[PDB]
Amino acid sequence: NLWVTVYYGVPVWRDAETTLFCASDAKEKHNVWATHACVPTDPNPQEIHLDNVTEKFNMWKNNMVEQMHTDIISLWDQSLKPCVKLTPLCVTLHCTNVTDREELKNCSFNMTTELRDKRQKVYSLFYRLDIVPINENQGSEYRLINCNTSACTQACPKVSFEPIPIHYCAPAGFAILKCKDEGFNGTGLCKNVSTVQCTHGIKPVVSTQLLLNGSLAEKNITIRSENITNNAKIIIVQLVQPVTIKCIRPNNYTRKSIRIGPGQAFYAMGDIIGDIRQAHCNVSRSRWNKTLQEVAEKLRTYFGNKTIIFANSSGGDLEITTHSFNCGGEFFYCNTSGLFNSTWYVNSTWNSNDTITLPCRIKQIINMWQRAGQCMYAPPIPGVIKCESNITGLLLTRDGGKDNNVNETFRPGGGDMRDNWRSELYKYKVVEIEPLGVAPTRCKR
Amino acid sequence: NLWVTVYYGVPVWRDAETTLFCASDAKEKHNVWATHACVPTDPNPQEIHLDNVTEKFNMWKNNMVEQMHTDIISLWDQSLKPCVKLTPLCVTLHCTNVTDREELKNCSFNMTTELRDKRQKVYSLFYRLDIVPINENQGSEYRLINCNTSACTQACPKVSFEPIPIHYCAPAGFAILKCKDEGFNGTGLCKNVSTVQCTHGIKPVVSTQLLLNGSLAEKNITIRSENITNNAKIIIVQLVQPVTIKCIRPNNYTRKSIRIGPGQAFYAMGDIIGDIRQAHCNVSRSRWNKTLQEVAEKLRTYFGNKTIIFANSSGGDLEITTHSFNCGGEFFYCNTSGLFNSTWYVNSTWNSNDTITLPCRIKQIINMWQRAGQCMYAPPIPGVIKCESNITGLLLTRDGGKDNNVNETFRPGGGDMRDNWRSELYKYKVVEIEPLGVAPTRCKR
Amino acid sequence: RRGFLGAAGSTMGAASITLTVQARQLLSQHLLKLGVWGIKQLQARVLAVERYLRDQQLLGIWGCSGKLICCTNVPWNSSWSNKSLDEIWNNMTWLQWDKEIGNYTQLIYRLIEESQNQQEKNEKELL
Amino acid sequence: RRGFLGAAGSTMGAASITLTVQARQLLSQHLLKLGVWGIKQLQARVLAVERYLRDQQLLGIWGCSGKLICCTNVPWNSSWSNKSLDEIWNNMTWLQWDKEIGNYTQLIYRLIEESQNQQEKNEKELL
Amino acid sequence: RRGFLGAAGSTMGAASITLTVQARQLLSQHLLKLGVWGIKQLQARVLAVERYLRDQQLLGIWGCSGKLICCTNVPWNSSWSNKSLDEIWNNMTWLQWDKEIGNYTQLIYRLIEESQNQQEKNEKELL
Ligand SMILES: *[C@@H]1O[C@H](CO)[C@@H](O[C@@H]2O[C@H](CO)[C@@H](O[C@@H]3O[C@H](CO[C@H]4O[C@H](CO)[C@@H](O)[C@H](O)[C@@H]4O)[C@@H](O)[C@H](O[C@H]4O[C@H](CO)[C@@H](O)[C@H](O)[C@@H]4O[C@H]4O[C@H](CO)[C@@H](O)[C@H](O)[C@@H]4O)[C@@H]3O)[C@H](O)[C@H]2NC(C)=O)[C@H](O)[C@H]1NC(C)=O
Ligand SMILES: *[C@@H]1O[C@H](CO)[C@@H](O[C@@H]2O[C@H](CO)[C@@H](O[C@@H]3O[C@H](CO[C@H]4O[C@H](CO)[C@@H](O)[C@H](O)[C@@H]4O)[C@@H](O)[C@H](O[C@H]4O[C@H](CO)[C@@H](O)[C@H](O)[C@@H]4O)[C@@H]3O)[C@H](O)[C@H]2NC(C)=O)[C@H](O)[C@H]1NC(C)=O
Ligand SMILES: *[C@@H]1O[C@H](CO)[C@@H](O[C@@H]2O[C@H](CO)[C@@H](O[C@@H]3O[C@H](CO[C@H]4O[C@H](CO)[C@@H](O)[C@H](O)[C@@H]4O)[C@@H](O)[C@H](O[C@H]4O[C@H](CO)[C@@H](O)[C@H](O)[C@@H]4O)[C@@H]3O)[C@H](O)[C@H]2NC(C)=O)[C@H](O)[C@H]1NC(C)=O
Ligand SMILES: *[C@@H]1O[C@H](CO)[C@@H](O[C@@H]2O[C@H](CO)[C@@H](O[C@@H]3O[C@H](CO[C@H]4O[C@H](CO[C@H]5O[C@H](CO)[C@@H](O)[C@H](O)[C@@H]5O)[C@@H](O)[C@H](O)[C@@H]4O)[C@@H](O)[C@H](O)[C@@H]3O)[C@H](O)[C@H]2NC(C)=O)[C@H](O)[C@H]1NC(C)=O
Ligand SMILES: *[C@@H]1O[C@H](CO)[C@@H](O[C@@H]2O[C@H](CO)[C@@H](O[C@@H]3O[C@H](CO[C@H]4O[C@H](CO[C@H]5O[C@H](CO)[C@@H](O)[C@H](O)[C@@H]5O)[C@@H](O)[C@H](O)[C@@H]4O)[C@@H](O)[C@H](O)[C@@H]3O)[C@H](O)[C@H]2NC(C)=O)[C@H](O)[C@H]1NC(C)=O
Ligand SMILES: *[C@@H]1O[C@H](CO)[C@@H](O[C@@H]2O[C@H](CO)[C@@H](O)[C@H](O)[C@H]2NC(C)=O)[C@H](O)[C@H]1NC(C)=O
Ligand SMILES: *[C@@H]1O[C@H](CO)[C@@H](O[C@@H]2O[C@H](CO)[C@@H](O)[C@H](O)[C@H]2NC(C)=O)[C@H](O)[C@H]1NC(C)=O
Ligand SMILES: *[C@@H]1O[C@H](CO)[C@@H](O[C@@H]2O[C@H](CO)[C@@H](O)[C@H](O)[C@H]2NC(C)=O)[C@H](O)[C@H]1NC(C)=O
Ligand SMILES: *[C@@H]1O[C@H](CO)[C@@H](O[C@@H]2O[C@H](CO)[C@@H](O)[C@H](O)[C@H]2NC(C)=O)[C@H](O)[C@H]1NC(C)=O
Ligand SMILES: *[C@@H]1O[C@H](CO)[C@@H](O[C@@H]2O[C@H](CO)[C@@H](O)[C@H](O)[C@H]2NC(C)=O)[C@H](O)[C@H]1NC(C)=O
Ligand SMILES: *[C@@H]1O[C@H](CO)[C@@H](O[C@@H]2O[C@H](CO)[C@@H](O)[C@H](O)[C@H]2NC(C)=O)[C@H](O)[C@H]1NC(C)=O
Ligand SMILES: *[C@@H]1O[C@H](CO)[C@@H](O[C@@H]2O[C@H](CO)[C@@H](O)[C@H](O)[C@H]2NC(C)=O)[C@H](O)[C@H]1NC(C)=O
Ligand SMILES: *[C@@H]1O[C@H](CO)[C@@H](O)[C@H](O)[C@H]1NC(C)=O
Ligand SMILES: *[C@@H]1O[C@H](CO)[C@@H](O)[C@H](O)[C@H]1NC(C)=O
Ligand SMILES: *[C@@H]1O[C@H](CO)[C@@H](O)[C@H](O)[C@H]1NC(C)=O
Ligand SMILES: *[C@@H]1O[C@H](CO)[C@@H](O)[C@H](O)[C@H]1NC(C)=O
Ligand SMILES: *[C@@H]1O[C@H](CO)[C@@H](O)[C@H](O)[C@H]1NC(C)=O
Ligand SMILES: *[C@@H]1O[C@H](CO)[C@@H](O)[C@H](O)[C@H]1NC(C)=O
Ligand SMILES: *[C@@H]1O[C@H](CO)[C@@H](O)[C@H](O)[C@H]1NC(C)=O
Ligand SMILES: *[C@@H]1O[C@H](CO)[C@@H](O)[C@H](O)[C@H]1NC(C)=O
Ligand SMILES: *[C@@H]1O[C@H](CO)[C@@H](O)[C@H](O)[C@H]1NC(C)=O
């Protein structure tokens, strides 16, 4: 006859949720991500290829993207907790035009000091986007935008916002399955699976309408969407050739520190050296059109012989209507209207520098996670700053038209902040290993 | 001969103390008890009856009552930690009579705003109990009572004080013994023992002089006291018939929100609508004084043929001299003198609605745990509010007289806040199971 | 079939037939808020593991791990208990017997360790 | 010699040769900051111990602790699976077999405890 | 009878008789304040369990769980040490020997694992 036997360490698994811990090449200056407290990554991470194995993946229903979003938000608040709170900055501001070019305002206002029985009158420039008029009259009066909803916390100047890579690892008794299928769209049964105890270097780069410093497609421009035919679902596309983008802040400000209270100070831009210059970003036109034509023809496969037409983003908040990013200290907000402005036919071929220019705006008071209140004041970085990024992905949205026309418009939509993480975690999934297995055999012989 | 043998998983236990965790039917709106972070309770909790077992119980020396008291206090402070602190409210208040009926006062006072360089003058009603004059004369310059001891923290309006049930569970390797003896007084050897991993639904209903929404007696009015003859020990009695009690707040207040500072506001009773009406509670006289006869005769068994007399609270603080409770947002303070006012002689027999009316007072500033400082401000609930409760227990105290007379007087004593929990946890006790056991046998045969 | 701890009142002989049910219940949201309830839950889980390990490690050194019932080489000293072998396995219960050997429980544990350790060295370690 | 979890696609018969690598990886700065990363790491470490103990305690009560493979006294009921021995051990993989016994997994676990406990009582406890 | 770790200086042959005392001390207020001292105590308690399990799990896979001394099927290699069987057991101490096999400690562990699994595979699994 046969007897039931139990096998320990059987190679089986199931989908499960767990608390993933961080791992990093620790090496020092601190960062907003607090990677100094993270576990040190191994020098030679182990990766194994599963033969004869095919596993199902679902990047939209993945739990890693949701868990990482909470961790990033938690780390963001943790770094701002010990910094000074700009509670006395909520006062009437008297501004005048600086000595378009009206982006700045030379404001003056009263302020306290270490001595409680004494006050001081100071002055400092302020971007127009960070100021709101009071009474809608008497142009001199002005108020900080966040003042009537929350008191923003000044970021500590000692910590930098460098997005160094961080590896997400699973606890003992769990594993992360990686799909190595060529040109995998992120959903379906993967024909080339592999396992790894920790994900590759994930850089928590925050961007809208354009993924920067992200992964690159191996051989072909990949497109991902839970429902391509649905106009209410964001469309993520990954490029094969990185499109280098240059940015600069020609304004040369002077950092001035004023002590608002005992043992604390507020940083602001004192004056400006030279004439006022608008901030912008550059990108090669030849290497940009090309990407589109390739993206346009690729999108054509999912909509018949229809012509693709990219148009500038729809109206709304500045965070969603412009390409937001950060050059390691300053939050930028560029137009992008110059990149998604063209029409491609079923034969349209793109066929010198001629670099495109994107005007940009800069703000100090920001809401990175779109939460009510909980704002942060970004101190000004002294001197001119420049930063180059690698554009590897785009966030597109299809207009909700009747679809019966001979074309279709695509708008660069900001989507959700979680989409940025989903573009990199699509090649992973966490599973729980059940080493206890049962099977029969003619034992007891 | 005989050899010693060890048995694993032996059914033995001993008294111990452990950190009990919360379990609840989790399902959303938040609450002061923070049940959202509690473990979800099982749908079919396992309960087993022990045959041939008789265990000793002592609800007075129990550890769960003390442990639960700390947890309730800790949860109360945790819920109030992120709420706004009413530190600027400590200012001189000029009040006048509202346009007995002098329970309210239309006060006015200066206050700050989001703009640190500007101030505002506001007005709002205030109960006379939460107001104390600064000087005997001037008939003005009133001050909030708690102002000279601590700054009260305004309760977050998004969280409610619903006393939803919570189940106390023991960790693995421990169990909670339940006594199922009929009419058990809480002390002695239980002749009907049972075991359960988690206690029944315990509702943290804070009350004084009258247990509300508590468990009902199984078959007879049970009385509990560590020393019935001692005059300094509180006496707890459990009823069999739930005496329904209704309460109402006929004052239609108008909530008005004033921004005290950046991103924070103070919500105060704004203006009354209609006319001033005294808050009160109702209770059936036939059903109320009928139970007194049953309670009086039951108490007679412990003091011979002496007659029982009920008198009103001796005197003292408002929290101990009145029946305190909360109708899901407003804390009431009702005078019970209309209930504990009667004399019962051995033959006395109680033999239409005729509902009794209990005048009540309302306060915004309160110290739930009688702790110095750490006060709390309850925001006003808009509109009229009503709430019905089930009176199932009473906290009585016997006068410290010579007791040589032919009668005895009982007073509704507030006792201690822990008595409220002890009235429901008397049917449980935590024990530590020791799976290791030793016993001999003629082994090695 | 009684549930967990349902045979506590039964005699010593009949209460040992269900040791598996009591031994199984010795260890029975992924995120943690670390709040009032979270802190208590974390302590409860850690305390539970220590209670099991503290009791399981003894069986390992005693040479009875993975076995519910086992016999050692330590002879039974009549001084600990002079009661017959019939009433103990057919009339007495575990609770009553627990309050009779508690005084000598610590000494019995040490005798079993030295007996098992000495036997291990005598049998194994040929040279 | 395949790495950790490398024999998942291999047949059931060939997968039993590398059980040691999977069983070894079940539990593989001294200070703790108790921060965002520290809190998660603490939960991960505690969760890993519970996962191993929860799975290891079953082998202890079943009498298979310290053994990678063991045979129980419970006969194989044809109702659970009527497939032959050759196809399951030489053609089917563990993943496919997992989706066939799952329904009867809980029942099989309960039957093994009573089968081992009864035999344990019958063998030992001479009187 | 020397106390805990009292036979460290004694020779190998004389130090193997008291292994039980060192093995017993490997795991030896209910509330927790989570303060400076509470945080350290929590880490210490968790670290102790991991240290014991990390060392105990190796014996389980090796097939030596529940035993203090056990002989494996891996033959000794003279390359690791060419000393005689008399000086090591009657003259050298454990500390001096620890600084001689450390270079081959990891290699010996892997050899024992595959050797135990193969023997398990060969003996059990009748078909
Ligand atoms: C840091 O903090 C300091 C100290 O608080 C602060 O200084 C004060 O600033 C305020 C705001 O600018 C000044 O207010 C002005 O003061 C003068 C003087 O008022 C005195 O004299 C008049 C005339 O006798 C009296 O009525 C009065 O009681 C005082 O004694 C006035 O000229 C100003 O009134 C005009 O402006 C007001 C605001 O718009 C109007 O409401 C008012 O109607 C007046 O309007 C003006 O323009 C009209 C045409 O549109 C014209 O018809 C009017 O006649 C008039 O010209 C105003 O009240 C105040 O004086 C400052 N000094 C002191 C000691 O308080 C700093 O400003 C602050 N700094 C910063 C950077 O925030
Ligand atoms: C996409 O990826 C690219 C490549 O990593 C990023 O580009 C870099 O961005 C960082 C900021 O995020 C730049 O960092 C800054 O560079 C300044 C210039 O560096 C040169 O000159 C200094 C001497 O002046 C040399 O030491 C250095 O090796 C270079 O030759 C530095 O002056 C800055 O210093 C400040 O930050 C550091 C780090 O915290 C502090 O230690 C300093 O004290 C000081 O505060 C800073 O290092 C970097 O130069 C950029 N590289 C390039 C090639 O441009 C993109 O930012 C990234 N895009 C996004 C959106 O993430
Ligand atoms: C002893 O036990 C009794 C029985 O549980 C308690 O009585 C209840 O007390 C709660 C407050 O603690 C009462 O709750 C409130 O009821 C209002 C009326 O409810 C009726 O009408 C609404 C629509 O208007 C229906 O949805 C509902 O089903 C009923 O038909 C609600 O309007 C109140 O809602 C507001 O407050 C809650 C809590 O903050 C919010 O979640 C809501 O969004 C809203 O803002 C509220 O639900 C309840 O009605 C009482 N029941 C009875 C039968 O009277 C006693 O309070 C309890 N005693 C003690 C001392 O604990
Ligand atoms: C925003 O708006 C503020 C004003 O609201 C601007 O700040 C002022 O800017 C002006 C113009 O730059 C500053 O005044 C200038 O200072 C130059 C430097 O002066 C040098 O010589 C001085 C000689 O000393 C004597 O004279 C001075 C001036 O009367 C007295 O203060 C002394 O006591 C002596 O009597 C030195 O003191 C000084 O340190 C220099 O060495 C000067 O060349 C110019 O002619 C002019 O006077 C003014 O001081 C600024 N105020 C403050 C508080 O900073 C600000 O720049 C605006 N920002 C922008 C970007 O537009
Ligand atoms: C506590 O004490 C405070 C005062 O210290 C009480 O508050 C005041 O209560 C009175 C009486 O209710 C309020 O005055 C009333 O306002 C009514 C408004 O109705 C409409 O007509 C108005 C007419 O406008 C002209 O006149 C008003 C002043 O009368 C000017 O402000 C306007 O600019 C115009 O010139 C409109 O303003 C208004 O928008 C309506 O359309 C009015 O009908 C009544 O005759 C009376 O005047 C008074 O405003 C309250 N003050 C505040 C700051 O709220 C409070 O009620 C007391 N509480 C209790 C419980 O007694
Ligand atoms: C599964 O994906 C892996 C990814 O590495 C493929 O690996 C091959 O690796 C060899 C050795 O480095 C390269 O020469 C090949 O070019 C890789 N192949 C490809 C397609 O990139 C592996 O071949 C893939 N397997 C299948 C069946 O597609
Ligand atoms: C991603 O690729 C998978 C296949 O790998 C696509 O899944 C197919 O979707 C079509 C839609 O008509 C179905 O008919 C097929 O049965 C699906 N196949 C499988 C294997 O699931 C999926 O639609 C692709 N997604 C996108 C956005 O292109
Ligand atoms: C994906 O989206 C398509 C539409 O793009 C859905 O198919 C139909 O969509 C129309 C509107 O265009 C709706 O009125 C229909 O109800 C949809 N059909 C159904 C059956 O619901 C489609 O359902 C979406 N989902 C999938 C899985 O394809
Ligand atoms: C997207 O492009 C359109 C192009 O027309 C912008 O629309 C306007 O352009 C005309 C001419 O310059 C102005 O007079 C209007 O004021 C613009 N406003 C609108 C909303 O029509 C449009 O603003 C662009 N959108 C963004 C977000 O850049
Ligand atoms: C995309 O196709 C639509 C539909 O043909 C174009 O819009 C129509 O263009 C005709 C041109 O004569 C107008 O008469 C219609 O009123 C337009 N709208 C509709 C609803 O039919 C649209 O212009 C095309 N876009 C491009 C630039 O190719
Ligand atoms: C609760 O009931 C127990 C009995 O179940 C009472 O116990 C007796 O109390 C008297 C007090 O003089 C003692 O003389 C008896 O020996 C006690 N009997 C037992 C079995 O303990 C206990 O007093 C009751 N408590 C109250 C106050 O009602
Ligand atoms: C319980 O209370 C009674 C009194 O109600 C205690 O008994 C004695 O009471 C008289 C006064 O009536 C005191 O003078 C005695 O001192 C009390 N006895 C003792 C020994 O102090 C009784 O002792 C209390 N406790 C118990 C367990 O019954
Ligand atoms: C890019 O596209 C435009 C049309 O949008 C076309 O005129 C141009 O020739 C293309 N190529 C370059 C190099 O600009
Ligand atoms: C972006 O550029 C377009 C022109 O290409 C202009 O109409 C629009 O107003 C600009 N807006 C922003 C956000 O810069
Ligand atoms: C103990 O309970 C069992 C089970 O009901 C019963 O058979 C036995 O007679 C009881 N013994 C005593 C002494 O009550
Ligand atoms: C309570 O009410 C009675 C009348 O019912 C009254 O005589 C007594 O003074 C009141 N005392 C209070 C407020 O406790
Ligand atoms: C009842 O008893 C009391 C004494 O306790 C006595 O005064 C009264 O007259 C009696 N009356 C009746 C109705 O028995
Ligand atoms: C048995 O117990 C007695 C009393 O404690 C003690 O004197 C005696 O030495 C013990 N015998 C053995 C063999 O342990
Ligand atoms: C069995 O136990 C009972 C209860 O303690 C006792 O009365 C009886 O004498 C005992 N019988 C024997 C034979 O020991
Ligand atoms: C085998 O399984 C069937 C179907 O579930 C069941 O009826 C039968 O009792 C089982 N047999 C044994 C011996 O457990
Ligand atoms: C013994 O050790 C030597 C030297 O490291 C090595 O070459 C040889 O293979 C080993 N022999 C065995 C049987 O492991």
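Where the PDB entry is consulted, chain C appears under the name HIV Env gp41 ectodomain, with the organism given as Human immunodeficiency virus type 1.

If you check the PDB entry, chain A appears there as HIV Env gp120 from Human immunodeficiency virus type 1.

Asker: Could you clarify how one ought to interpret the interface of chain A and chain D in this entry?
Answerer: The accessible area lost on association of the parts is a frequent measure of interface size. With 54 residues of chain A at the interface, the matching set in chain D holds 54 residues. Taken together, the two surfaces of chain A and chain D that pack against each other cover about 5100 Å², and 70% of this comes from carbon and sulfur. Counting the contacts that link chain A with chain D gives four salt bridges. Where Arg14 of chain A meets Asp98 of chain D, a salt bridge forms, and the shortest distance between an N and an O atom there is 2.4 Å. Where chain A packs against chain D, one counts 17 residue pairs in polar contact. For the side of chain A that touches chain D, the elements supplying multiple residues, two or more each, are β1 (3-8), β2 (13-15), β3 (21-24), β5 (47-49), α1 (64-80), β14 (174-179), β32 (429-433) and β33 (436-441) of chain A. Ranked by the residues each element gives to the side of chain A that touches chain D, the list is headed by β1 of chain A, at six residues. Its residues assigned to classes, the side of chain A that touches chain D comprises 35 nonpolar, twelve polar and seven charged. Direction of pairing for β1 of chain A relative to strand β1 (residues 69-75) of chain D: antiparallel, over a ladder of four bridges. Residue pairing across strands places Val6 of chain A opposite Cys70 of chain D, the latter belonging to β1 of chain D.

Asker: Just to check I follow, could you spell out the relation of the copies chain D and chain E for this structure?
Answerer: The operation linking the two copies of the chain is a rotation about an axis combined with a translation along the axis. Relative to chain E, chain D is turned by 120 degrees and slid 0.0 Å along the rotation axis, the superposed coordinates differing by an RMSD of 0.2 Å. The operation mapping one copy onto its partner corresponds to a three-fold rotation axis. The fraction of interface residues of chain D whose copies in chain E are also interface residues is only 20%, indicating that the copies meet through different surfaces.

Asker: When you look at the site of ligand 8 in this model, what are you seeing that I'm missing?
Answerer: All names here are of chain A. Every residue lining ligand 8 is accounted for by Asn227, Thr229 and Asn230. Between ligand 8 and the protein, one listed contact pairs an oxygen atom with a side-chain N or O atom of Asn227 at 2.4 Å. Within the backbone of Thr229, a nitrogen or oxygen atom sits 2.7 Å from an oxygen atom of ligand 8. Considering ligand 8 on its own, with 560 Å² of exposed area, one finds that the protein chains cover 18% of that surface.

Asker: How should the packing of aromatic side chains be read in this particular structure?
Answerer: Where two aromatic rings form a pair, the distance of their centres and the angle of their planes describe that pair. Applying the stated rule across the entire model yields 43 aromatic pairs over all chains. Centroid distance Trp288 of chain A to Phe340 of chain A: 6.0 Å. Interplanar angle 85 degrees. Geometry classified as edge-to-face. With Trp288 of chain A in helix α2 (residues 285-300) and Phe340 of chain A in the loop between β25 (331-334) and β26 (342-344), this residue pair connects regions lying 52 residues apart in the sequence. Side by side, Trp288 of chain A and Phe340 of chain A carry an identical accessibility label, which is buried. One aromatic cluster is present, built from ring pairs that chain together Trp33, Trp76, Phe161, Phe331 and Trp369 of chain A. A cation sits over an aromatic face here: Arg255 of chain A above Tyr267 of chain A, 5.3 Å from the ring centre. Of note, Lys256 of chain B hangs over the ring of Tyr123 of chain B, and the distance from its end group to the ring centre comes to 3.8 Å.

Asker: Just checking my understanding: could you explain a nonpolar patch on the surface for this structure?
Answerer: A cluster of nonpolar residues, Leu126 and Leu127 of chain C together with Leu85 of chain E, forms a patch on the protein surface that exposes about 390 Å² of accessible area. Its place among the elements puts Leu126 of chain C in the segment after α5 (94-123).

Asker: Got a minute to help me understand the interface of chain D and chain E in this structure?
Answerer: The interface is formed by 25 residues belonging to chain D together with 18 residues belonging to chain E. The junction of chain D with chain E conceals about 2200 Å² of combined surface from both sides, 63% of it contributed by carbon and sulfur atoms. Our count for the contact surface shared by chain D and chain E stands at two salt bridges. A salt bridge links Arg45 of chain D to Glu50 of chain E; its shortest N-O distance comes to 3.2 Å. Between chain D and chain E we count seven residue pairs in polar contact in total. Listing elements by their share of the side of chain D that touches chain E, those giving two or more residues are α2 (19-24), α3 (36-62), β1 and α4 (85-90) of chain D. Counting residues per element, the side of chain D that touches chain E draws most heavily on α3 of chain D, at six residues. Taken together, the residues of the side of chain D that touches chain E sort by class into 16 nonpolar, six polar and three charged.

Asker: Honestly, the sheet that holds β2 of chain A in this entry has me stumped. Any pointers?
Answerer: Each strand in a sheet pairs with another by means of backbone hydrogen bonds, the pair being arranged parallel or else antiparallel. All names here are of chain A. Pairing within the open sheet is antiparallel, and its five strands lie in the order β2-β32-β14-β16-β5. The sheet is open, and its two borders are formed by β2 and β5, each paired with just one other strand. If you compare each strand with its neighbour and ignore which way they point, the axes differ by 35 degrees on average. Bridging between β14 and strand β16 (residues 193-196) involves four bridges; their strand directions are antiparallel. Residue pairing for β16: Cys179 is matched across the bridge by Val193.

Asker: Can you help me understand the pattern of salt bridges in this one?
Answerer: Pairing between side chains of opposite charge can happen when their charged atoms approach one another. All names here are of chain A. Summed over the entire model, instances satisfying the criterion amount to 65 salt bridges over all chains. In this structure, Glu434 engages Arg14 in a salt bridge whose closest nitrogen and oxygen atoms are separated by 2.8 Å. What makes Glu434 partly exposed here is its relative accessible area of 27%.

Conventions we followed
Residues numbered from 1 in each chain as written, not as in the entry; some residues may be left out. Chains lettered and ligands numbered in written order. Part of a larger assembly, values for the part shown. Heavy atoms only, no water. Contact = heavy atoms within 4.5 Å. Buried area = accessible area lost by both parts, 1.4 Å probe. Salt bridge = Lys/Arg side-chain N within 4 Å of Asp/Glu carboxyl O. Polar contact = N/O pair within 3.5 Å; in protein donor to acceptor, adjacent residues only side chain to side chain. Helix = DSSP H or I, 4+ residues; strand = E, 2+ residues; numbered from the N terminus. Nonpolar A, V, L, I, M, F, W, Y, C, P; charged D, E, K, R; others polar. Pairing = 2+ DSSP bridges. Least-squares fit on C-alpha atoms. Near = heavy atom within 4 Å. Areas by Shrake-Rupley, 256 points an atom, 1.4 Å probe, with all protein chains shown as cover. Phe/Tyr/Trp six-rings, centres within 6.5 Å; stacked < 30°, edge-to-face > 60°. Buried < 20%, exposed > 50% of the residue type's maximum accessible area, 1.4 Å probe, protein only. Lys NZ or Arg CZ within 6 Å of the ring centre and 35° of its normal. Patch = residues over 30% accessible without salt bridge, like charges linked within 9 Å, V, L, I, M, F, W, Y side chains within 5 Å. Axes fitted to C-alpha atoms, helices over the stretch in contact; angles between N-to-C directions.

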